[PDB]
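Asks: Here it is, the structure, as structure tokens.
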Amino acid sequence: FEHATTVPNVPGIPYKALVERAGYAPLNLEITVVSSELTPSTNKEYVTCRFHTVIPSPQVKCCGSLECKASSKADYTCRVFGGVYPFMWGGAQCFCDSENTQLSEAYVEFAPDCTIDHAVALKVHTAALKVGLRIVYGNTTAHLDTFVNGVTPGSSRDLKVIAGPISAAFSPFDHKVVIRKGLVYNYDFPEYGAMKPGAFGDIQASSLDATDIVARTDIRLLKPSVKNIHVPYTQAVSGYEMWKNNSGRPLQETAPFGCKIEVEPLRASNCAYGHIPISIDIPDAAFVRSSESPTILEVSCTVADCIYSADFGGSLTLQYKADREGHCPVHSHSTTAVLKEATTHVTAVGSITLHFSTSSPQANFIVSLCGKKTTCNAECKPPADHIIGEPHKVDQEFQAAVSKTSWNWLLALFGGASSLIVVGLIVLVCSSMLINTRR
Amino acid sequence: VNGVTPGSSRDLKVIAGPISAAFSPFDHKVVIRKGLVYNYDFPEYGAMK
Amino acid sequence: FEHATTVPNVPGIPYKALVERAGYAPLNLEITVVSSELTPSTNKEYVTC
Amino acid sequence: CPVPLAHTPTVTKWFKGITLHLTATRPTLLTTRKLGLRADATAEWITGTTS
């Protein structure tokens, strides 16, 4: 027998479910999202960093011109200049005057430090969610990691757990992303070969050690002017460093849904978004026969003063009549309320008590013990503390957000208006017939 | 072919694109074997059947 | 002068165009896709055998 | 490398809103984001003592 249920994709929340393989007594089930690892499919578009403009010592010729032989070096943009007649510490380095020419050669390579602070550009594709789940069912419990796609059985032990697809698909990464020093930024980096001066990606390569370096930097060289040999040149400020100054805020400080962001590999962790469909073919050896399990002849729900809040601010007490002592399962059949406990040692006759948490101001949640069901009913008061260090353990719905008495009032108002217009209709019809019968 | 990349060669700087169609031969899922390639809905990583 | 023209995206086929600039005699401009390399980005999902 | 830890901000709790009292003699980065459908993320370098 396989049970199935939706589970809130909220890390650390011990969401509970009750299985009802009726040939056996109910069994308590908890589906707890220990962690999530939404991993995007990505590739290294290119590495980038602060380029280093190597200006290899210029080639000089003392009796003729020099060809600007092109090179595969990145942003290779060498120029030949006449009338150079350059000096050096000792003196002039050429024979003639105007007949000498000079070739100034410059290109760019990754600065030595780039090995560490290099911005790996990555394209991002629809991330497949993976979650580490801790599952407990009766005294048996197991922990597992299932990729939430809805097809793979990320089974562990005997649990044939299957998860997904997500109720709502969400990826915190934009179509384009960049990683720096373990920080990560959503950013429309220029594609491979799209280098532009003074901007991110001015220098790029398949990998930092690779020779396949391409660059656009507006590097240009001026005609040598000073008496001493020199190669005055200018360039846009290193686009990587320019972006560094104006990087904005990294995604680790900006991703929604509370996603933590981890690098190596890029992934979103412990993110809390939507619901995870779950099915679990629990080993039926885990059930106990309904006749061998305890069962309760009668039970009633008396709920004490309860607070609706994220924590277990509610408390209730259940009287029971039971055939035999043992450990009955206990669970909430109503989505608006969840109990802290999941099982209770129960005697032949006595009073159980349970701590519970709910978001609805009313307590009309059907608590169940050993499968018997009782409607709890009471007003829960608003919480005295505005903030707590724990997420709300349950969602809320408008059908349950309206309070019992407030709901009664609102419906009484609409009932009044509807009944009044009904009276209008009735009197119109009646008066018409009263007149026309004798007209 | 993005519409920006200057394929500058000698004195000829040139830009090209975008392409008149968003076509691609490769389907979303492909598998390579011995240099052959097949578009095929393979199961994702961690999915084994 | 940034001339602009469409080109039939056909390898080998030599698309011939003519640029017409006020002060100058027209200039023959033949543009040919000698090669093309439609390469999609891809990532290794897994190996199998 | 060691980094300092400014005196933990004294929180104040009120209706759907929290007040952070902060104290750092040197520029310190504060970042806040809602865990909802939208991040509404914001970042601010606080200095001295402020709320």
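Note that chain A carries Swiss-Prot numbering, so the residues on display, from first to last, are 798-1236.
This deposition comes from electron microscopy, 4.0 Å.
The backbone N, Cα and C atoms fix where each Cβ goes, and this holds for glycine too.
Residues annotated as disulfide bond in Swiss-Prot: A:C846-A:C911, A:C859-A:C891, A:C860-A:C893, A:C865-A:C875, A:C1056-A:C1068, A:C1098-A:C1173, A:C1103-A:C1177, A:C1125-A:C1167. Per Swiss-Prot, N-linked glycosylation site is recorded for A:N936, A:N1042, A:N1067. Feature annotation from Swiss-Prot assigns region 'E1 fusion peptide loop' to A:881-898. Look at Swiss-Prot and you will find A:810-1205 tagged as topological domain 'Extracellular'. Positions annotated as topological domain 'Cytoplasmic' by Swiss-Prot, on the basis of sequence analysis: A:1227-1236. According to Swiss-Prot, the feature transmembrane segment maps to A:1206-1226.
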Asks: Per 10 Å Cβ neighbour count, which of the disulfide-bonded residues A:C860, A:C893, A:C1068, A:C1098 ranks highest?
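Replies: The residue with the most neighbouring Cβ atoms within 10 Å is A:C1068.
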Asks: With DSSP assignments reduced to helix, strand and coil, which class does A:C1098 (disulfide bond) get?
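Replies: Its secondary structure by DSSP: strand.
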Asks: By Cβ distance under 8 Å, which residues at least 6 away from the ends of the region 'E1 fusion peptide loop' (A:881-898) in the same chain are close to it?
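Replies: Those are 857-863, 1021, 1024-1027, in sequence order.
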Asks: Among the disulfide-bonded residues A:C875, A:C1103, which residue has the largest number of other Cβ atoms within 10 Å of its own Cβ?
Replies: A:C1103
Asks: Write out how many residues of the topological domain 'Cytoplasmic' (A:1227-1236) are helix, how many strand and how many coil, based on DSSP.
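Replies: Counting residues per DSSP class in the topological domain 'Cytoplasmic' (A:1227-1236), I get 7 helix, 0 strand, 3 coil.
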Asks: For A:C875 (disulfide bond), which DSSP three-state class applies?
Replies: coil
Asks: Looking at the glycosylation sites A:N936, A:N1042, A:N1067, which sits with the largest number of other Cβ atoms within 10 Å of its Cβ?
Replies: A:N1067
Asks: Using C-alpha atoms, which one of the recorded positions A:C893, A:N1042, A:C1068, A:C1103, A:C1167 comes nearest to A:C1173 (disulfide bond)?
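Replies: Comparing Cα positions, the closest of these recorded positions turns out to be A:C1103.
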Asks: Tell me, in order along the sequence, which disulfide-bonded residues from A:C846, A:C860, A:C1125 have their CA within 10 Å of A:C891 (disulfide bond).
Replies: A:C860
Asks: Of the recorded positions A:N936, A:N1042, A:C1056, A:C1098, which one has its Cα closest to the Cα of A:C860 (disulfide bond)?
Replies: A:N1042
Asks: Run through the region 'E1 fusion peptide loop' (A:881-898) and tell me, per DSSP, how many residues are helix, strand and coil.
Replies: 0 helix, 3 strand, 15 coil
Asks: May I ask for the residues of the chain that lie six or more residues beyond the topological domain 'Cytoplasmic' (A:1227-1236) and have a Cβ under 8 Å from a Cβ within it?
Replies: none
Asks: Restricting to the same chain and to sequence separations of six or more, state which residues have a Cβ under 8 Å from that of A:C859 (disulfide bond).
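Replies: Counting only residues 6 or more apart in sequence, the Cβ neighbours of A:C859 (disulfide bond) under 8 Å are A:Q890, A:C891, A:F892, A:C893, A:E896, A:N897.
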